[PDB]
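> Right, I'll just put the structure down here and ask away after.
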Amino acid sequence: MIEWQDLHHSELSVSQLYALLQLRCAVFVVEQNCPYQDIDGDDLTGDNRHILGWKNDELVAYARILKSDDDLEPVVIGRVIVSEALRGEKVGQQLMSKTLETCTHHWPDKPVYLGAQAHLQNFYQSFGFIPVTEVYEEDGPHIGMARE
Amino acid sequence: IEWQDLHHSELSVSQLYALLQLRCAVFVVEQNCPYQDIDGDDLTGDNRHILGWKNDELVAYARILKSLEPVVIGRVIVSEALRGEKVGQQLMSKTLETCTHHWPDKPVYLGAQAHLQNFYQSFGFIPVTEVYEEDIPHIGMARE
């Protein structure tokens with residue numbers, strides 16, 4: 001019984017912001033062994049939204065949506081997370097479809113781009129994405145994908 | 001150089017993003033360490049954050065943790081643009097003045113390394129620990 005929140009960045013409280021960067025750090029920095037700049041600015045600007053999956057005051061799912069650069073290019077999905085205690089069990093499919101329902105609602109008549117791993121390709125292709133890119137590397141494999 | 005001294009309840013959404021952003025930019029990308037900087041110590045108890053501002057850009061940072069056990073200093077940062085000229089010595093000057101004000105006659109502990117030993121030692125800190133590696137030579141000093 002995960003509650004979902006589709007937050008424009010202006011609605012984020014201090015504890016809501018803390019929870020999603022801490023979970024982003026825990027997954028993309030710590031567990032994925034990648035010292036990088038996870039906190040890049042793109043979170044509190046423009047019409048950008050965040051989607052949070054909560055399981056009893058625990059943030060167990062997250063994705064952010066970039067609408068930029070206030071230019072022609074598509075909707076960007078990124079930072080897609082399920083917390084490791086809860087994986088292999090339909091929640092990732094729930095996060096994605098609700099995040100596309102957000103892309104669909106807010107900006108219909110705009111496709112959705114998404115940067116991904118190579119090994120995650122068949123899971124995003126089950127949501128309507130197709131590779132728009134050659135396989136390349138950020139840690140030892142990425143493909144660029146887009147929907148509609 | 002505007003300085004702020006905020007109990008964690010006074011952090012706005014923008015002040016919270018900025019100090020984590022600089023902390024990630026110093027302790028994880030620059031020092032090449034993939035650790036959990038956002039560690040759950042920032043928004044609890046009487047813990048406070050000391051900020052130094054210059055043109056809508058956080059350039060000096062330190063953190064103060066509470067709880068029967070001593071007051072702790074950590075996360076000490078001078079952004080690279082401003083390093084090497086007096087910004088660090090005076091950050092911990094607010095930061096020890098801040099301890100001395102809320103917790104008067106209460107001993108400051110500072111987790112540090114070693115290379116900068118003489119730096120922190122210039123403010124009253126004393127080795128309490130033996131050197132060990134962490135995430136990287138370390139030592140735990142203390143003041144008063």
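In the structure tokens, chains take the letters A, B, ... in the order shown, each chain's residues start at 1, and ligands count up from 1 in the order shown.
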Wanna dump the chain A-chain B contacts at 7 Å for me, each residue with its shortest atom pair and the distance in Å to one decimal, counting only C-alpha atoms, ordered by chain and number, as CSV?

residue,atom,partner,partner_atom,distance
A:13,CA,B:13,CA,6.6
A:14,CA,B:13,CA,5.1
A:22,CA,B:38,CA,5.2
A:25,CA,B:36,CA,6.4
A:26,CA,B:36,CA,6.2
A:29,CA,B:34,CA,5.6
A:30,CA,B:34,CA,5.2
A:33,CA,B:34,CA,5.9
A:34,CA,B:34,CA,6.0
A:35,CA,B:34,CA,4.7
A:36,CA,B:29,CA,5.1
A:37,CA,B:29,CA,6.3
A:39,CA,B:21,CA,5.4
> Can you pull out every residue from range 43-86 of chain A that DSSP, working from the backbone, puts in strand (DSSP E or B), and format the result as JSON, numbers by chain?
{"A": [49, 50, 51, 52, 53, 54, 59, 60, 61, 62, 63, 64, 65, 66, 67, 75, 76, 77, 78, 79, 80, 81, 82]}
> May I have the residues within 6 Å of range 103-110 of chain B as a list in words, using only C-alpha atoms and disregarding those fewer than 3 positions away in the same chain?
residues 70, 71, 72, 73, 99, 100, 140, 141, 142, 143 and 144 of chain B
> Rounded to one decimal, what separation in Å do you get between CA of residue 67 in chain A and CA of residue 120 in chain A?
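Answer for the CA of residue 67 in chain A to CA of residue 120 in chain A separation: 23.2 Å.
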> If we count only C-alpha atoms, what is near residue 10 in chain A at a cut-off of 12 Å, once residues fewer than 3 positions away on the same chain are taken out, given as a list in words?
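The neighbour list is residues 6, 7, 13, 14, 16, 17, 43, 44, 45, 46, 47, 48, 49 and 50 of chain A; 12, 13 and 14 of chain B.
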> I'd like the contact shell of range 71-73 of chain A - 10 Å cut-off, only C-alpha atoms, skipping same-chain residues fewer than 4 positions apart - returned as a ChimeraX atom specification.
/A:67,110-113
> I need the residues from that last selection saved to file as an mmCIF file, in the first residue's frame (with C-alpha atoms), if you can.

data_model
loop_
_atom_site.group_PDB
_atom_site.id
_atom_site.type_symbol
_atom_site.label_atom_id
_atom_site.label_comp_id
_atom_site.auth_asym_id
_atom_site.auth_seq_id
_atom_site.Cartn_x
_atom_site.Cartn_y
_atom_site.Cartn_z
ATOM 1 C CA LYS A 67 10.863 19.983 -18.579
ATOM 2 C CA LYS A 110 5.639 15.788 -26.276
ATOM 3 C CA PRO A 111 7.682 12.559 -26.272
ATOM 4 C CA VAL A 112 9.583 11.302 -23.238
ATOM 5 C CA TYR A 113 13.314 10.743 -23.213
#
> Please measure the separation of CA of residue 5 in chain B and CA of residue 53 in chain B, giving the value in Å to one decimal.
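One can read the CA of residue 5 in chain B to CA of residue 53 in chain B distance as 11.3 Å.
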